[PDB]
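*Asks:* Have a look at this one.
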Amino acid sequence: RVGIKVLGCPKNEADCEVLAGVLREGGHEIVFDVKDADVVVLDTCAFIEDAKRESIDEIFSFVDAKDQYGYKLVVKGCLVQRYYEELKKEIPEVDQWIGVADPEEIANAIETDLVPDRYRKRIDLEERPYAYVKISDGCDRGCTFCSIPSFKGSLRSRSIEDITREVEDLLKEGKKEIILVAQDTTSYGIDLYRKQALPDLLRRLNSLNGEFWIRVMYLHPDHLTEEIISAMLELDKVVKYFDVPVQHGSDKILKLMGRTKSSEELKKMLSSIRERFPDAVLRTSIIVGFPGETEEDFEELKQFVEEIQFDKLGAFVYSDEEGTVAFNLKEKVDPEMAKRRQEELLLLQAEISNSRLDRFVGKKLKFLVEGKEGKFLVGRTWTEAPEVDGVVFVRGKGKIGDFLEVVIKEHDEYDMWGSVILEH
């Protein structure tokens, strides 16, 4: 028997739902992670500057109380793939260590550490109406800060049918939200179909019967071909949610980060989606204090976000990890001066977010029920994303996994409140 503690990111929370399924043979049984397990599997995140901590404080949250339930503590995930030397040297009390691969825990997690460099079934370990689907791992994109280009392998994407089969069976077991995850959704197919087959995939999935949502994440702006945009906007089952991280907005800082498109072309592309659908939700990431970031560059960036108007925006302080090309970049910036900018940019976009959630007031937005707290209902609208954005409370009745048409009343704190129309 064994319980898994998912952590890190959708991709890591996917490789768990999949692994949990494989342990139906050599595992015989999966404990509901109710702490009464025989052995424990802790998934970890490595590069996110902070998640690395939530995963380190997590190991202790388990190690501290090992002699309380008696379980074979096993640290699995990214954090162990690039910190095997340091981790095992500090926390040897654990029993096993592992990072990548999948067909290993089947004939390995049954005893043996490892970190060198087909199809399967899965099972969700919780009561959520959504499910992440990894269509490809790795990434051959030029990102001076990212260290994945040689940490999680090269670009290896699954086949349309494969991803299709998975999505198919998920819907059948009762799933209303399909979220496509990866390092870079725009890179899918290049390795298999010698071309960007992302649209071909969407068109395919958008065919399956039954009402459901299809969300796409981790969209690299430089390779967001109009063919994809027109695709995510044409299909009537693809939530118009564009999660495209630009990392920054300075012609000088972008070329340095490795990006191709400039702040100009990036705008031309973004604003163009809003013209075709003014309610389009655009979420992006940012990295302040990047090596070479100057006064002007930040003021350029600030006005950049002030112009595009992002629904949801997140800023992160640069973290030159050894190996990267940015690590070898010249003249960094005091972490204290980057933190100063991350908080100033966070304060500015905070205002824009409100203004954007203000234009959703008094409008019918598809709603996905996720829980009932009395006469109140918890859940999200196609705009909000699973435990990353916000939530939506509505006065009504229904069950988890339903699709009601609620209408927002007011908001604030990045949360909307409304009620359902058309009832019985």
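Residue numbering restarts at 1 for every chain of the structure tokens, chains are lettered A, B, ... in their displayed order, and ligands are numbered from 1 as they appear.
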Write out as a ChimeraX atom specification each polymer residue whose atoms come within 7 Å of segment 137-148 of chain A, counting only C-alpha atoms; drop sequence neighbours fewer than 2 positions from it.

*Replies:* /A:150-157,182-184,257-259,320,323-326

*Asks:* Please produce an output containing N, CA, C and O atoms for each residue in the selection, written as an mmCIF file, in the first residue's frame.

*Replies:*
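Below is the file that was written, part29.cif:
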```
data_model
loop_
_atom_site.group_PDB
_atom_site.id
_atom_site.type_symbol
_atom_site.label_atom_id
_atom_site.label_comp_id
_atom_site.auth_asym_id
_atom_site.auth_seq_id
_atom_site.Cartn_x
_atom_site.Cartn_y
_atom_site.Cartn_z
ATOM 1 N N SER A 150 18.136 20.644 -20.244
ATOM 2 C CA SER A 150 19.105 19.591 -20.019
ATOM 3 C C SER A 150 18.891 19.010 -18.621
ATOM 4 O O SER A 150 19.823 18.521 -17.991
ATOM 5 N N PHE A 151 17.656 19.069 -18.138
ATOM 6 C CA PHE A 151 17.330 18.558 -16.811
ATOM 7 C C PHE A 151 16.160 17.590 -16.855
ATOM 8 O O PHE A 151 16.097 16.644 -16.064
ATOM 9 N N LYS A 152 15.222 17.838 -17.767
ATOM 10 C CA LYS A 152 14.057 16.968 -17.924
ATOM 11 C C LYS A 152 14.020 16.357 -19.314
ATOM 12 O O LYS A 152 12.965 15.939 -19.789
ATOM 13 N N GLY A 153 15.175 16.317 -19.965
ATOM 14 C CA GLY A 153 15.246 15.703 -21.270
ATOM 15 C C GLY A 153 14.926 16.648 -22.395
ATOM 16 O O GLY A 153 14.726 17.835 -22.161
ATOM 17 N N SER A 154 14.891 16.118 -23.615
ATOM 18 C CA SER A 154 14.593 16.924 -24.780
ATOM 19 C C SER A 154 13.075 16.918 -25.021
ATOM 20 O O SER A 154 12.307 16.456 -24.173
ATOM 21 N N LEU A 155 12.638 17.447 -26.160
ATOM 22 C CA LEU A 155 11.216 17.508 -26.475
ATOM 23 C C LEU A 155 10.693 16.150 -26.914
ATOM 24 O O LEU A 155 11.076 15.629 -27.967
ATOM 25 N N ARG A 156 9.814 15.579 -26.096
ATOM 26 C CA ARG A 156 9.221 14.279 -26.390
ATOM 27 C C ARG A 156 7.715 14.359 -26.167
ATOM 28 O O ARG A 156 7.244 14.268 -25.035
ATOM 29 N N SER A 157 6.957 14.522 -27.249
ATOM 30 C CA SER A 157 5.508 14.633 -27.139
ATOM 31 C C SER A 157 4.777 13.319 -27.449
ATOM 32 O O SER A 157 5.280 12.485 -28.203
ATOM 33 N N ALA A 182 2.217 20.833 -19.836
ATOM 34 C CA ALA A 182 3.548 20.578 -20.373
ATOM 35 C C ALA A 182 4.500 21.727 -20.039
ATOM 36 O O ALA A 182 4.155 22.666 -19.323
ATOM 37 N N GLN A 183 5.712 21.638 -20.560
ATOM 38 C CA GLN A 183 6.687 22.679 -20.315
ATOM 39 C C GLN A 183 6.340 23.806 -21.289
ATOM 40 O O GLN A 183 6.386 24.983 -20.948
ATOM 41 N N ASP A 184 5.955 23.417 -22.497
ATOM 42 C CA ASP A 184 5.611 24.358 -23.542
ATOM 43 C C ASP A 184 4.618 23.736 -24.489
ATOM 44 O O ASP A 184 4.978 22.966 -25.368
ATOM 45 N N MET A 257 16.850 37.184 -22.685
ATOM 46 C CA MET A 257 16.198 36.011 -22.120
ATOM 47 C C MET A 257 16.148 34.920 -23.181
ATOM 48 O O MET A 257 15.841 33.764 -22.888
ATOM 49 N N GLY A 258 16.466 35.294 -24.412
ATOM 50 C CA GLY A 258 16.439 34.328 -25.481
ATOM 51 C C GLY A 258 15.211 34.444 -26.360
ATOM 52 O O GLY A 258 15.177 33.881 -27.446
ATOM 53 N N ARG A 259 14.193 35.170 -25.920
ATOM 54 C CA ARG A 259 12.983 35.307 -26.739
ATOM 55 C C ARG A 259 13.204 35.950 -28.134
ATOM 56 O O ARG A 259 14.096 36.773 -28.328
ATOM 57 N N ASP A 320 19.228 32.941 -10.664
ATOM 58 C CA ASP A 320 20.232 32.296 -11.507
ATOM 59 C C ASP A 320 20.714 30.937 -11.000
ATOM 60 O O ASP A 320 21.614 30.854 -10.167
ATOM 61 N N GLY A 323 24.360 26.572 -14.247
ATOM 62 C CA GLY A 323 24.167 25.864 -15.494
ATOM 63 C C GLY A 323 23.545 26.724 -16.560
ATOM 64 O O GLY A 323 23.955 26.692 -17.714
ATOM 65 N N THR A 324 22.555 27.508 -16.169
ATOM 66 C CA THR A 324 21.859 28.374 -17.108
ATOM 67 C C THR A 324 22.799 29.329 -17.841
ATOM 68 O O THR A 324 23.944 29.508 -17.448
ATOM 69 N N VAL A 325 22.311 29.928 -18.916
ATOM 70 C CA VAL A 325 23.096 30.889 -19.665
ATOM 71 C C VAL A 325 23.018 32.244 -18.957
ATOM 72 O O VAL A 325 23.912 33.085 -19.112
ATOM 73 N N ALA A 326 21.945 32.451 -18.190
ATOM 74 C CA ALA A 326 21.733 33.698 -17.465
ATOM 75 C C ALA A 326 22.649 33.729 -16.256
ATOM 76 O O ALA A 326 23.037 34.794 -15.774
#
```

*Asks:* According to DSSP computed on the backbone, where in segment 50-203 of chain A is there alpha helix (DSSP H)? Give the residues as an MDAnalysis selection string.

*Replies:* chainID A and resid 51:54 56:63 78:81 84:90 160:172 198:203

*Asks:* Taking only C-alpha atoms into account, which of A:371, A:291, A:245, A:362 comes nearest residue 312 of chain A?

*Replies:* A:245

*Asks:* If we count only C-alpha atoms and set the cut-off at 12 Å, which residues sit around residue 283 of chain A, ignoring sequence neighbours fewer than 6 positions away in its own chain? Please answer as a ChimeraX atom specification.

*Replies:* /A:216-221,240-247,270,305,308-315,349,353,356,383-385,388-389

*Asks:* For residue 50 of chain A, which of A:423, A:367, A:206, A:79 is the closest residue, counting only C-alpha atoms?

*Replies:*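 Checking each candidate against residue 50 of chain A, we get A:79 as the closest.
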
*Asks:* Please provide as a list in words all residues within 12 Å of residue 105 of chain A, with the sequence filter that same-chain residues fewer than 6 positions apart are discarded (counting only C-alpha atoms).

*Replies:*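 In the requested form, the answer reads residues 2, 15, 16, 18, 19, 20, 21, 22, 23, 24, 25, 26, 27, 41, 74, 76, 96, 97, 98, 99, 111, 112, 113 and 114 of chain A.
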
*Asks:* If we count only C-alpha atoms, what is near segment 66-69 of chain A at a cut-off of 12 Å, once residues fewer than 4 positions away on the same chain are taken out, given as a ChimeraX atom specification?

*Replies:* /A:33-40,59-62,73-74,93-95

*Asks:* As an exercise, work out the distance from atom CA of residue 376 of chain A to atom CA of residue 400 of chain A in Å and give it to one decimal place.

*Replies:*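 Computed distance, atom CA of residue 376 of chain A to atom CA of residue 400 of chain A, equals 12.4 Å.
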
*Asks:* As JSON, numbers by chain, please: the residues near segment 169-177 of chain A (cut-off 7 Å, only C-alpha atoms, same-chain neighbours under 2 positions excluded).

*Replies:* {"A": [129, 130, 131, 165, 166, 167, 179, 212, 213, 214, 401]}

*Asks:* Which one is closest to residue 418 of chain A: A:379, A:8, A:386, A:249? Count only C-alpha atoms.

*Replies:*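 For residue 418 of chain A, the nearest of the candidates is A:379.
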
*Asks:* Report the residues of segment 143-236 of chain A whose backbone DSSP state falls under strand (DSSP E), written as an NGL selection string.

*Replies:* :A and (156-157 or 177-182 or 213-216)

*Asks:* Suppose we keep N, CA and C atoms; can you now write the selection as a CSV table (one decimal), in the first residue's frame?

*Replies:*
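Written out: again28.csv:
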```
chain,number,residue,atom,x,y,z
A,156,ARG,N,9.8,15.6,-26.1
A,156,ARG,CA,9.2,14.3,-26.4
A,156,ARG,C,7.7,14.4,-26.2
A,157,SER,N,7.0,14.5,-27.2
A,157,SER,CA,5.5,14.6,-27.1
A,157,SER,C,4.8,13.3,-27.4
A,177,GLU,N,-13.5,18.7,-16.8
A,177,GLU,CA,-12.5,19.7,-17.1
A,177,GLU,C,-11.1,19.0,-17.5
A,178,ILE,N,-10.8,19.3,-18.8
A,178,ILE,CA,-9.5,18.7,-19.3
A,178,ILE,C,-8.5,19.7,-19.5
A,179,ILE,N,-7.4,19.7,-18.7
A,179,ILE,CA,-6.4,20.7,-18.8
A,179,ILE,C,-5.1,20.1,-19.4
A,180,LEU,N,-4.7,20.7,-20.5
A,180,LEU,CA,-3.5,20.2,-21.2
A,180,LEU,C,-2.2,20.9,-20.6
A,181,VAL,N,-1.3,20.1,-20.1
A,181,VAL,CA,-0.1,20.6,-19.5
A,181,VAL,C,1.1,20.1,-20.2
A,182,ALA,N,2.2,20.8,-19.8
A,182,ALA,CA,3.5,20.6,-20.4
A,182,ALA,C,4.5,21.7,-20.0
A,213,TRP,N,-14.9,21.1,-20.7
A,213,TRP,CA,-14.0,22.2,-20.9
A,213,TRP,C,-12.6,21.7,-21.3
A,214,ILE,N,-11.9,22.4,-22.2
A,214,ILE,CA,-10.6,22.1,-22.6
A,214,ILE,C,-9.7,23.4,-22.4
A,215,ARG,N,-8.8,23.3,-21.5
A,215,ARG,CA,-7.9,24.4,-21.1
A,215,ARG,C,-6.5,24.1,-21.5
A,216,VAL,N,-5.8,25.1,-22.1
A,216,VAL,CA,-4.4,24.9,-22.5
A,216,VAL,C,-3.6,25.9,-21.7
```

*Asks:* Could you name the residues that touch segment 52-56 of chain A at 10 Å or less, counting only C-alpha atoms, but leaving out those on the same chain fewer than 3 positions away, as JSON, numbers by chain?

*Replies:* {"A": [7, 8, 42, 43, 44, 45, 46, 47, 48, 49, 59, 60, 61, 75, 77, 78, 79, 87]}

*Asks:* Write the selection just made, keeping C-alpha atoms, as an mmCIF file, in the first residue's frame?

*Replies:*
```cif
data_model
loop_
_atom_site.group_PDB
_atom_site.id
_atom_site.type_symbol
_atom_site.label_atom_id
_atom_site.label_comp_id
_atom_site.auth_asym_id
_atom_site.auth_seq_id
_atom_site.Cartn_x
_atom_site.Cartn_y
_atom_site.Cartn_z
ATOM 1 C CA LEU A 7 3.153 18.841 -5.126
ATOM 2 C CA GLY A 8 5.048 21.055 -7.508
ATOM 3 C CA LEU A 42 6.318 12.782 -1.803
ATOM 4 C CA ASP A 43 6.383 14.582 -5.144
ATOM 5 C CA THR A 44 8.615 17.655 -5.183
ATOM 6 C CA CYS A 45 9.185 20.841 -7.166
ATOM 7 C CA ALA A 46 12.687 22.081 -7.906
ATOM 8 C CA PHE A 47 12.771 25.233 -9.960
ATOM 9 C CA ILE A 48 10.230 27.881 -8.998
ATOM 10 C CA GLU A 49 12.431 29.712 -6.470
ATOM 11 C CA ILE A 59 9.902 16.623 3.588
ATOM 12 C CA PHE A 60 10.240 17.565 7.250
ATOM 13 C CA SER A 61 6.479 17.760 7.724
ATOM 14 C CA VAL A 75 11.303 11.827 -1.774
ATOM 15 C CA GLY A 77 10.290 14.733 -7.893
ATOM 16 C CA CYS A 78 12.369 17.500 -9.424
ATOM 17 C CA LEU A 79 13.984 18.725 -6.233
ATOM 18 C CA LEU A 87 19.620 16.373 0.039
#
```

*Asks:* In Å, with one decimal, what is the gap from atom CA of residue 276 of chain A to atom CA of residue 230 of chain A?

*Replies:*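 Computed distance, atom CA of residue 276 of chain A to atom CA of residue 230 of chain A, equals 9.6 Å.
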